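Taking the form deposited without the ligand, here's one chain by itself in structure tokens.
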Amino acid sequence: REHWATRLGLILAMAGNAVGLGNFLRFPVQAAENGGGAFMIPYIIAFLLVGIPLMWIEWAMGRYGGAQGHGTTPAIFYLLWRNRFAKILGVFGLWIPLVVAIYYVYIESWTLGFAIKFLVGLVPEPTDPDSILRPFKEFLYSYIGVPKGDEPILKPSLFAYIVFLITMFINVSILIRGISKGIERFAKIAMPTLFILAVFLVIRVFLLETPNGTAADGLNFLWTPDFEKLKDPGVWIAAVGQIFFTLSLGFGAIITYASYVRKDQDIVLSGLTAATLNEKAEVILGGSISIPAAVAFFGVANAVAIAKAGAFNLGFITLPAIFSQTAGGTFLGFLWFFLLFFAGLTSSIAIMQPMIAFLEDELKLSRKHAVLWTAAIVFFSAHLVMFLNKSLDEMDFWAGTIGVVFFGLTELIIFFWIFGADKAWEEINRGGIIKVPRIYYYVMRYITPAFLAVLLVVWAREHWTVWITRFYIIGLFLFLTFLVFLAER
């Protein structure tokens, strides 16, 4: 079996798994909508009670399965629970990363296309907030193919489509070279580049002074607390969902990556380091860039408006408009979209590896054929997201939101209840440079599952292109269940 070459490459590849588009696009809008500075209270609680424990559990399950030649949850769940229904539940560990990859790689291709257009200065150039934002709203809509009327259909530009092809080619170019010579070698270059880009952008944003406000006014707006809405269960659901997404928990990606860690290698300190690096990039770097620069340029009055506009409006419309209004801002735009691209790329290769690992481990396919077939399924399926509006939202909800929380509870129960709390605890701490604090044993066994279960219950008591997407992703689950059937025989 393939293995990571170095401990540094392992940590940077896992950090690249976590540090993605959610750090810079999702997190700022999540915090602004769910209490501002007060959002850190449920965010930190979810990080300590759910994020950290589930991270170590997924590292352990992956390495445990990897020692027996299995990198994906259908086989690994069966190894932990000799029951056919454990294999069916394990299919979610392939379905979730595949469905998420379908729309994640498309958004990733947007950042590459915007990086290209901004590097060469093929950007619009406009006084008034709406007068400055309109040319960039139309720039994104022409790139995406937004309808002029009520039609719910998208028609991407030829440039966007070709850039999506290039994006798939780049993901294949990394993934086809394997774990050490592909993912690990690219992580050692991309992650240092990522942090340098982000730190530089934070510094440049903290120097913004406009007639409407300063960077300090933007930081004040973002971290303005609103502790009253901590009574809203939706804030706690948003915080837990953000923790799942930003740490790549419940996507089967950590498990597959950890399956290439040697049996006796540390996973306690490595996983803690990767999770810590992500939180630094998320709350320190991701939070400091987009929203503060937006408030600094459009003032606090317009800040509430663009905060409610959404992550895509903020990342692909509002921030580009700001850039075009500063000296050398087209290059700042390039660095922004270059940052997002490497952040997305290091995450998309992680979210496509589970399907590659399943084809290699269980169907005995070569790496070349496993990578090319995985890319083909993702490329084809992405035409749903490319041409159908609201298709991405449905996939992100079922797979990247509800699915990951249900799967996080499932892998927890299988590993720590059915397999054995004492056995799982021994499996986590084995080989660890540091040991897990004893209090987390009771957190994993009682607190985390009770927290997730109550959230599930509280979550349940709170067009027709949607049925097209539902139909398709249901078929994907049927397809993957058939491949698991074929792997048995």
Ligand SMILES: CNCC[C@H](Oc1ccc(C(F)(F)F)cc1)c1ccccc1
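Superpose the two forms; the largest set of C-alphas matching within 1.5 Å is the rigid core. The numbering used is simple: start at 1 and walk along the sequence shown.
Unmodelled residues of the deposited sequence between neighbouring positions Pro126 and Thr127 number 4 to 9. Coordinates are absent for 4 to 9 residues of the deposited sequence placed between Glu462 and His463. 275-283 and 295-303 differ in mean CA B-factor, and the higher of the two is recorded for 295-303. When 445-453 is weighed against 41-49, 445-453 comes out higher, by mean CA B-factor as recorded in the entry. In the PDB entry, the Cα temperature factor peaks, among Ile243, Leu133, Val91, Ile377, at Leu133. When the C-alpha B-factors of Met355, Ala187, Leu122, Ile176 are read from the PDB record, the largest value belongs to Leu122. Compared with the other modelled residues of the chain, the Cα B-factor recorded for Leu222 ranks in the highest third. In this PDB entry, the Cα temperature factor of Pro192 sits in the middle third of its chain's modelled residues. Per-chain ranking of the deposited C-alpha B factor places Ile434 in the highest third. Residue-level temperature factors show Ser347 in the lowest third of its chain, judged at the C-alpha atom. When the modelled residues of the chain are ordered by C-alpha B-factor, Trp56 sits in the middle third.
Note that the form solved in complex with the ligand isn't included here; everything after this is about it.
Checking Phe221, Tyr260, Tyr103, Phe416 against the ligand in the bound PDB entry, a heavy atom within 4.5 Å turns up for just one residue: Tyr103. Note on the partner interface in the bound PDB entry: the residue among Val283, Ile132, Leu230, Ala311 having a heavy atom within 4.5 angstroms of the ligand is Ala311.
The closest non-hydrogen atom of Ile107 lies within 4.5 Å of the ligand in the bound PDB entry.
Taking the partner from the other structure, the ligand in the bound PDB entry has a heavy atom within 4.5 Å of a heavy atom of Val29.
Using a 4.5 angstroms threshold between heavy atoms, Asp396 counts as touching the ligand in the bound PDB entry. When the ligand is considered in the bound PDB entry, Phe334 lies well away from it, no heavy atom lying within 4.5 Å. Residues are counted as partner-facing when one of their heavy atoms sits within 4.5 Å of the ligand in the bound PDB entry; in 241-258 only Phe245 qualifies. Core superposition between this form and the one not shown leaves every listed residue (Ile153, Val304, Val199, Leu165) with a C-alpha shift below 2 angstroms except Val304. Core-superposed comparison between this form and the one not shown: the C-alpha position of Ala239 differs by less than 2 Å. Annotation: Cα of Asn83 displaced by less than 2 Å between this form and the one not shown, core superposition. Superposed on the core, the two forms barely differ at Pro354: its CA moves less than 2 Å between this form and the one not shown.
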